[PDB]
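Have a look below at one chain only, the form deposited in one PDB entry, in structure tokens format.
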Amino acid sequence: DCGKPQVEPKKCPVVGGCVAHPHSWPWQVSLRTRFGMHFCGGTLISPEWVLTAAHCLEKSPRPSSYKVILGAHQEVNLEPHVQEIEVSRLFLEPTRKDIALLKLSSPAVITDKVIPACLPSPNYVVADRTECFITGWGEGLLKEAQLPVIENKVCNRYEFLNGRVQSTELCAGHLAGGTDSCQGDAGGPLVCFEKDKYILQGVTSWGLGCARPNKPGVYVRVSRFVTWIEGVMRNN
């Protein structure tokens, strides 16, 4: 059952934002080096598959360099029931896009704290001003922020990101500054509530800094990679 947290998320009263309600984002994963240090996020999209950013894997093409922590809220002292699962294979997107799949060495156990996010339909375009959520441990409690999507044609204006955003990316952010995903959130989810569940629409990718005025974050547009993702899962 994807996209439906058993523990309901709360909105705020990651730079800025607020601490998430514990386990309300049950697809959020922490990507760690074999040494155990958190450095990137990811999203569980099925029991055996995590989606992350390709740049998070820049340091090593060896699956043994990585492990995934599922079900966590605190980053350092992992709570008793947290799942640590190794990675058996890495799949970088084949056209140098900032997205990648991790096949876990064993399927995650689905529980009230470990649940996959839903994937969008191919080529869906999140509408301008849609309020979505980003989550992560970045720049030790899991944080969230609610940010509005900014349509690419506005985001690509000189006043904002000046032609840098591709159709395979989306923009989201508060243009006054102060609230944003940042480095340790890379690879993690941008999700949007659709009808009754959360759909993974973006993968935290890059920005001109973090939380700066007129510089919204850039996310890989997951809907442009669903067909590729499905083919990798089907054939591996």
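Residue numbers run from 1 along the displayed sequence. We call the rigid core the largest set of C-alpha positions that still match within 1.5 Å between the two forms.
Although it is not shown, the form deposited in another entry is what the next lines describe.
Core superposition between this form and the one not shown leaves every listed residue (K197, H174, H55, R32) with a C-alpha shift below 2 angstroms except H174. Once the rigid core is overlaid between this form and the one not shown, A211 counts among the residues whose Cα shifts by 2 Å or more. Compared with the form shown, the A53-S181 C-alpha separation increases in the other form, the change being 3 Å or greater. Figure legend: C-alpha atoms of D98 and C210, shown here, are separated by at least 3 angstroms less in the other form.
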